[PDB]
Number of protein chains: 2
Amino acid sequence: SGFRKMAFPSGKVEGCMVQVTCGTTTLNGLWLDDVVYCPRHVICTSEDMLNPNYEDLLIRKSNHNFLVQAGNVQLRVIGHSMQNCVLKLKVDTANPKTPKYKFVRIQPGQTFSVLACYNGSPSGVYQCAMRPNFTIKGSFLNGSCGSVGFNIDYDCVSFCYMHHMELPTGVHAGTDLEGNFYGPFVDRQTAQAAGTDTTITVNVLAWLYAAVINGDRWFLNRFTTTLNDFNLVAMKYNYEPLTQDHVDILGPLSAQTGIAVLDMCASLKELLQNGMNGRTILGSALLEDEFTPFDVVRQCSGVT
Amino acid sequence: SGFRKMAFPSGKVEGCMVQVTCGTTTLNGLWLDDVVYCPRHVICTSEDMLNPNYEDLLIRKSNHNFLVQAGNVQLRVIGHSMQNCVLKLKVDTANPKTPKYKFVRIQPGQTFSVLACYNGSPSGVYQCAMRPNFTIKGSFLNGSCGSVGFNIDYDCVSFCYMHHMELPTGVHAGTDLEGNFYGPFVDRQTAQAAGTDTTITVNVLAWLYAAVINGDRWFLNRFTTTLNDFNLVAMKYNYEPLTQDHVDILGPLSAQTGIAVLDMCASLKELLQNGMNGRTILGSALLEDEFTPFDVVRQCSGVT
Ligand SMILES: O=C(Cc1cccnc1)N1CCC[C@H]1c1noc(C2CC2)n1
Ligand SMILES: O=C(Cc1cccnc1)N1CCC[C@H]1c1noc(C2CC2)n1
């Protein structure tokens, strides 16, 4: 028992981290097979960042301007290209530590682990969720760009995120591994406000099921509700509307605990309406929404 | 910016995890050089667990009864011995992935990362603190025994914890890598209640400094206090007494923010006395105590 914000083991990803330098800018790169993936803003100077013309900036760059270092050894760059907001640097050596991998674009509400890196070196690993407004509430400092988000299915690493920037609001924006930003964000140092950060309702319910499994049951009540009644409450509290797809995904947790999804929605409704009254659930004094139903099942079953 | 419960990258530790089986019991082992470390209760049957005589149980075991598997390859066991509550299985092959390592016995209040494992395979990584009552609030299921806690200083992995058991209270107990339990716990399935779980005051203050650095400043007040006045409040709220050693350790955070340690104690005093009033600090609705002052500096400076 016990329930923690758990990240995937980061070993497979640590073996892919490299340092990429272009001019006076150094950030992180992801070396998979014979390609190094990194944010295209590596070609920018501090002046360029305000309104960069990436196509024009890249014309002035040759393969030899991209310095790629894997630990203490320099990789030879034999090609470069821009795909959306990422650069793909073709190197002459396949990464011997390349794990089995996929590139996936995640949905808002999905969680992933981040291996924060500086100068191609890992500093820490933490669990994240892609917010409904497509930002991530990470922990990143200048130099962390190019750090990646991922999930792992046994031996396959699914890369879903590459860190690009911090919004003036202190939240983070980035792309999938094809270089497409999550949300409306652009790789430019300009005012980019995030939309309403709604709560991921299906995740809060999944976390309430994890609480019941682990012994924290005080919030269980004598009530039930309907999807429509629940959603009136979810709208008032800036929670995502719950759909029948969400109920279906919560099915295994509902079956394991014997608590119908709509009964758990009624417990959630009372918690939204009344608050926690100074009580805690799984050591938290607020409703946690960065555990998906899959995360709860994985953690509560011990999947390796 | 942003502040997360960050674990160390787990790669160096993943390379050490093996599966150890003795009879019908399988748990995790730590392979460093030519030795595999694991909880001695691997020699117990379910009946034995109630009151085991480990010395007598071990007499019936030979090197060939300890099955040690590293991934899909079997290690040959050439010696076995019991050191306190751990078994050391001498194998004929040095682990090629052995990192630079140390065995350290941590102090209550210190934090570490846990690589939870099942059948010698890593499932996740999370950040922990050794509670003042010497328990850890982990996330561990049956089969997780032998999973280890550690810290990393650049290239050196300091192993501090090996998981042994779950108390009837759902909290976790284990040993250092010399097999000595943290706290009064014994490796026996018996009633072992934990003492008062006090709050790690120096860590809460470190986390308040992290909040100020990251922009969350609402809790800063116009007051100050003294160590003695602060400690009267800390005692009432089951917080650890703050010492001048703690103030000294908070020195760099105090210098960076310009907020004197005693002024931050006065903010903490008001937060204990008044609560958060439905507000949050670094996305938390309670006072977080599982970040040491070193963790805050490391995360806020980007140490790799
Ligand atoms: O956000 C960062 C880096 C950073 C800092 C903290 C956390 N995570 C990332 N920066 C640094 C330069 C100014 C600003 C910036 N604005 O746009 C860009 C890129 C073109 C997209 N960069
Ligand atoms: O605690 C665990 C395993 C477990 C389960 C959940 C989390 N972490 C560890 N068990 C399983 C058998 C009964 C009980 C037990 N009591 O003592 C022992 C060892 C002799 C010390 N084991």
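The figures here come from the full heavy-atom set of this structure, side chains too, leaving out hydrogens, waters and symmetry mates. Naming convention: chains lettered A, B, ... in sequence-line order (proteins, then strands); numbering from 1 in each chain. Remember, it's 1-based here, ligands and their atoms both numbered in the order they're listed.
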>> Students often mix this up, so state it plainly: with edges at 30° and 60°, are the rings of B:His80 and B:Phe66 parallel, tilted or perpendicular?
In response: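 Tilted, since the angle between the ring planes falls between 30° and 60°.
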> What class does the angle between the rings of B:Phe150 and B:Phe8 fall in, given that below 30° is parallel, 30 to 60° is tilted and above 60° is perpendicular?
Replying inline: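 Aromatic pair B:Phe150/B:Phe8 classed tilted.
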Atom indices of ligand 1 within 4.0 angstrom of [X] heavy atoms, with elements:
{"X": "A:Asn142", "result": "3 (C), 5 (C), 6 (C), 11 (C)"}
{"X": "A:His163", "result": "7 (C), 8 (N), 9 (C)"}
{"X": "A:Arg188", "result": "17 (O), 20 (C), 21 (C)"}
{"X": "A:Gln189", "result": "13 (C), 16 (N), 17 (O)"}
{"X": "A:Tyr54", "result": "20 (C)"}

> Of all the non-hydrogen atoms in the protein, which one sits nearest to atom 15 (C) of ligand 1, and at what distance?
Replying inline: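 Looking only at protein heavy atoms, the one closest to atom 15 (C) of ligand 1 is A:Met49 CG, 4.3 Å.
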> At what distance is the nearest protein heavy atom to atom 2 (C) of ligand 1, and which residue and atom is it?
Replying inline: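 Looking at atom 2 (C) of ligand 1, the protein heavy atom closest to it is A:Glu166 N, 4.0 Å.
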>> Is atom 17 (O) of ligand 2 touching the protein, meaning some protein heavy atom lies under 4.0 Å away?
In response: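 Yes, at least one protein heavy atom sits under 4.0 Å from atom 17 (O) of ligand 2.
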> Does the protein put a heavy atom under 4.0 Å from atom 10 (N) of ligand 1?
Replying inline: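 It does not; no protein heavy atom is within 4.0 Å.
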>> Is it the case that ligand 1 has an N or O less than 3.5 angstrom from some N or O of A:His172?
In response: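 No, since none of the N or O atoms of A:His172 sits under 3.5 Å from an N or O of ligand 1.
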> Does NZ or CZ of A:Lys5 lie under 6.0 Å from the centre of the six-membered ring of A:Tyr126, at an angle within 45° of the ring axis?
Replying inline: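 No.
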>> With a 3.5 Å distance limit and no angle check, can you tell me whether B:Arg105 reaches the backbone of B:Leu177 through a side-chain donor-acceptor pair?
In response: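 No; zero donor-acceptor contacts below 3.5 Å.
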>> With a 3.5 Å distance limit and no angle check, can you tell me whether A:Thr25 reaches the backbone of A:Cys44 through a side-chain donor-acceptor pair?
In response: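 Checking the backbone N and O of A:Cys44 against the side chain of A:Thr25, a donor-acceptor pair under 3.5 Å is found.
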> Are side-chain N/O atoms of B:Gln83 and B:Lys88 paired as donor and acceptor at under 3.5 Å?
Replying inline: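 Looking only at side-chain atoms, B:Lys88 and B:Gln83 do form a donor-acceptor pair, the distance falling under 3.5 Å.
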> Taking atom types as modelled, is there a side-chain donor on A:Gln127 or A:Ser113 under 3.5 Å from an acceptor on the other?
Replying inline: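 Yes.
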> What are the atoms of ligand 2, with element, lying closer than 4.0 Å to any heavy atom of B:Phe140?
Replying inline: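 Reading through ligand 2 atom by atom, the close ones are 6 (C), 7 (C), 8 (N).
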>> Could you measure the distance from the SG atom of A:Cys22 to the CG atom of A:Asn65? Nearest 0.5 Å is fine.
In response: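 So the SG of A:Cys22 and the CG of A:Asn65 are separated by 5.5 Å.
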> Does ligand 1 have an atom under 4.0 Å from some heavy atom of A:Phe185?
Replying inline: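 Outside the 4.0 Å threshold, so no.
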> B:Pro39 pairs by side-chain contact (heavy atoms from CB on, under 4.5 Å) with which of B:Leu27, B:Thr175, B:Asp187?
Replying inline: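 The residue from B:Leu27, B:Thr175, B:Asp187 that satisfies side-chain contact (heavy atoms from CB on, under 4.5 Å) with B:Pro39 turns out to be B:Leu27.
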> When you check the gap from the basic side-chain N to the acidic O, do B:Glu290 and B:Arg131 get nearer than 4.0 Å?
Replying inline: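 B:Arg131 and B:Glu290: salt-bridged.
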> Which is it for B:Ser144 and ligand 2 at heavy atoms under 4.0 Å: side chain, backbone, both or neither?
Replying inline: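 It is the side chain that touches ligand 2; the backbone stays farther off.
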> Backbone, side chain, both or neither: what part of B:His41 comes under 4.0 angstrom of ligand 2, heavy atoms only?
Replying inline: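 Within the 4.0 Å criterion, B:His41 contacts ligand 2 through side-chain atoms alone.
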> Would you say B:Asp187 and ligand 2 have an N/O pair spaced under 3.5 Å apart?
Replying inline: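 No, B:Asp187 has no N/O under 3.5 Å of an N/O on ligand 2.
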> Judged by non-hydrogen atoms, does B:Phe181 sit under 4.0 Å from ligand 2?
Replying inline: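 No.
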